[PDB]
Asker: 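Supplied in structure tokens, the structure appears directly below.
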Amino acid sequence: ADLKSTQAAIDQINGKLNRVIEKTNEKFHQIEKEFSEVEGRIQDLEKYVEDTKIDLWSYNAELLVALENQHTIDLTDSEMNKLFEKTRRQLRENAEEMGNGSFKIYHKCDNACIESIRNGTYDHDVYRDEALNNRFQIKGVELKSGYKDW
Amino acid sequence: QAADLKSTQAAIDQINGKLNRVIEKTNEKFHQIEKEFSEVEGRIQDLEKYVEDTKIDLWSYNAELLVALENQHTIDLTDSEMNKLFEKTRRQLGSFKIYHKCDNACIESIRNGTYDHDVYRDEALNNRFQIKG
Amino acid sequence: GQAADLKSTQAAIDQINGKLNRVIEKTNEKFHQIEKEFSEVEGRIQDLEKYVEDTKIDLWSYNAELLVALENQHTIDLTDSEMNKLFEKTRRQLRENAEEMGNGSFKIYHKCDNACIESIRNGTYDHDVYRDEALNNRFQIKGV
């Protein structure tokens, strides 16, 4: 094997290898970034769902109180107390009880979280396919020993 | 010294061969990953729409019960306490029917939708080629 | 001009093969890590969807119960057209999402068990960060 041609078929292969190395290093970091975004969106959405749930339950508690205050219902009646306890159990889960029973609500999904859920997008990289490497020849030279025909 | 051509060509060809299998398998895998990502992102977008529809319909119901009670003169939505409840519903919001952002297909997908989850076929390590010389 | 030295060539070839095999093993491994993370993300979205369904039916069940209490209390008459639409909206949900135990009685079954709930609040994804492979340097086969 000729040295010149041999180190050419070696530099060619190596250059192709180095492109594949550089591109995969790159693509993997993109893929990692995309995952963090998707995962971030899911955590934001989970927060939004919790916030949504708590506000609906807080509302249920507030309606029973408004109706009681105006004497339309009496929360001491058995069936009404049961509904009230249902709301308190769900609120106890969140909020607090600041003694006076009142439940102070705290959102977990801030305005950035809300915006991310509403209009956030994702960095979606598309890999630029790599061209396969052409087959090589490699030139060969004659050993100086033995008969060389005319 | 002096490496035999024939043999050296075989080593180079074994090497280039495996390399091309790697360029090919990774070329494809990355497009599969890109696809699975798009599906995952579509599922999240569809779930967000479902969450919104679920929330809005419950708030629509709250507004509707308030108006029904007022209508039969049980409550007055302008009274301070009642108006606070009424304002919460307005703030969150067919008279009390909001069209769904998550359609039948959207609902089908978030509940039963499957994924194009490609499992990579491990490429074997390339054996050492012993060049004759 | 000159012939390629055997020992140098074998060297240059093993050197390339060594780097390529590192790439093969590392991509093999990374792709499995990527697949595992996809499954986790997908499972989490599925668990969140289930938690939303449970949240939904519990709120609708509450709506239905208040209507019954108000009716029993005679605050509302379910015969009126508007009150009947409210009742239909709550019954509607129970019928689709709960088991009819007879005579308008329903048993609510949750799709998101403990763990599903923990997973949702717990978070955590096996997020692998690839260790960059170094470019391979030029090997000069004895000569030139």
Side-chain angles (χ1 to χ4, degrees), chain A residues 1-28 31 127-140, chain B residues 1-33 118-133, chain C residues 3-35 128 130-143:
Chain A
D2 163 56
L3 192 71
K4 299 181 180 180
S5 182
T6 290
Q7 230 198 67
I10 287 306
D11 287 347
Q12 180 184 61
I13 290 271
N14 198 54
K16 178 53 61 169
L17 176 61
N18 279 344
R19 289 195 84 262
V20 177
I21 289 170
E22 197 95 285
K23 288 173 58 168
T24 51
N25 285 178
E26 174 56 18
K27 181 59 178 183
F28 286 139
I31 288 177
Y127 189 69
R128 291 170 179 176
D129 276 341
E130 185 60 16
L132 284 72
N133 198 47
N134 284 306
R135 198 198 91 112
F136 210 95
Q137 30 140 355
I138 298 178
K139 298 182 180 181
Chain B
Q1 310 186 60
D4 167 45
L5 185 71
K6 310 169 186 177
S7 175
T8 289
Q9 241 298 310
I12 281 295
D13 286 341
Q14 158 243 205
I15 290 296
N16 206 51
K18 177 113 306 195
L19 178 62
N20 282 339
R21 272 178 64 65
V22 165
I23 274 169
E24 187 173 300
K25 304 222 316 195
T26 51
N27 263 345
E28 187 223 291
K29 180 70 181 188
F30 289 133
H31 294 319
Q32 291 277 71
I33 287 167
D118 178 66
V119 177
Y120 192 70
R121 267 190 179 295
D122 285 352
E123 182 64 7
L125 244 51
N126 187 58
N127 316 67
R128 176 158 180 286
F129 189 92
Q130 194 83 278
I131 307 171
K132 295 182 180 180
Chain C
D5 171 68
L6 173 72
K7 283 194 173 183
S8 192
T9 291
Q10 186 64 62
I13 296 298
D14 292 323
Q15 189 241 196
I16 286 287
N17 201 51
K19 175 64 72 170
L20 172 66
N21 276 344
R22 277 186 60 80
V23 158
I24 288 161
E25 195 197 322
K26 288 178 57 169
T27 53
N28 278 169
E29 266 143 44
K30 177 63 171 183
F31 292 137
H32 291 138
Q33 293 265 23
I34 282 163
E35 290 153 14
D128 175 83
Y130 193 73
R131 305 190 63 267
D132 286 354
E133 186 60 20
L135 284 193
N136 202 49
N137 281 82
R138 181 182 196 293
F139 184 120
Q140 184 121 51
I141 306 184
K142 268 53 180 178

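Excluded from the calculations below are hydrogen atoms, water molecules and symmetry mates; all remaining heavy atoms, backbone and side chain alike, are included. Quick note on labels: first sequence line is chain A, next is B, and so on, each numbered from 1.
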Asker: Looking at every non-hydrogen atom in both residues, tell me the closest pair between A/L3 and C/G143 and how far apart they are.
Answerer: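 Closest approach of A/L3 to C/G143: CD2-CA, 3.3 Å.
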Asker: For the CG atom of B/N20 and the CD1 atom of B/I15, what is their distance to the nearest 0.5 Å?
Answerer: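 So the gap between those two atoms works out to 11.5 Å.
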Asker: So if I apply the side chain to side chain contact (heavy atoms under 4.5 Å, CB included) rule between B/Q1 and each of C/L6, C/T9, C/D5, which one comes out positive?
Answerer: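 Single pass found, and it is C/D5.
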Asker: Flag the pair B/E28 and B/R121 as a salt bridge only when some basic side-chain nitrogen lies within less than 4.0 angstrom of an acidic carboxylate oxygen.
Answerer: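 No, this pair does not count.
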Asker: Going from CD on A/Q12 to CD1 on B/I12, what distance comes out if it is rounded to the nearest 0.5 angstrom?
Answerer: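 Rounded to the nearest 0.5 Å, the CD-CD1 separation comes out at 8.5 Å.
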Asker: What are the two closest non-hydrogen atoms of A/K16 and A/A131, and how far apart are they?
Answerer: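 Between these two residues, the closest heavy atoms are NZ-O, 2.8 Å.
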Asker: Drop me the distance from A/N14's CG to A/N133's CG, to the nearest 0.5 angstrom.
Answerer: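 It comes to 10.5 Å.
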Asker: Is it true that atom CD of A/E22 has more than 12 heavy atoms of other residues, nucleotides or ligands lying nearer than 6.0 Å?
Answerer: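 Not buried by this count: 12 neighbours or fewer within 6.0 Å.
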Asker: Taking atom types as modelled and ignoring hydrogens, do the side chains of C/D14 and C/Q10 form a donor-acceptor contact shorter than 3.5 angstrom?
Answerer: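 Yes, because at least one side-chain N or O of C/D14 sits under 3.5 Å from a partner of the opposite role on C/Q10.
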Asker: Any idea how B/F30 and C/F31 line up, ring-wise: parallel (<30°), tilted (30 to 60°), or perpendicular (>60°)?
Answerer: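 The rings of B/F30 and C/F31 stand perpendicular, inter-plane angle above 60°.
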Asker: More than 12 foreign heavy atoms under 6.0 Å from NZ of A/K23: is that the case here?
Answerer: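 For A/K23, atom NZ is crowded (more than 12 foreign heavy atoms under 6.0 Å).
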Asker: To check you understand the geometry: which heavy-atom pair defines the closest contact between A/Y127 and A/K27, and what is its length?
Answerer: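 Taking every non-hydrogen atom into account, N-NZ, 3.7 Å.
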Asker: For C/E133 versus A/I21, what's the shortest heavy-atom pair and its separation?
Answerer: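 Closest approach of C/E133 to A/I21, heavy atoms only: O-CG2, 3.5 Å.
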Asker: Please round to the nearest 0.5 Å and tell me the distance separating atom OG1 of C/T27 and atom NE2 of C/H32.
Answerer: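 Between atom OG1 of C/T27 and atom NE2 of C/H32 there are 9.5 Å.
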Asker: For the residue pair B/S7 and B/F129, what are the closest heavy atoms and their distance?
Answerer: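 What the structure gives for the nearest pair is O-CE2, 3.3 Å.
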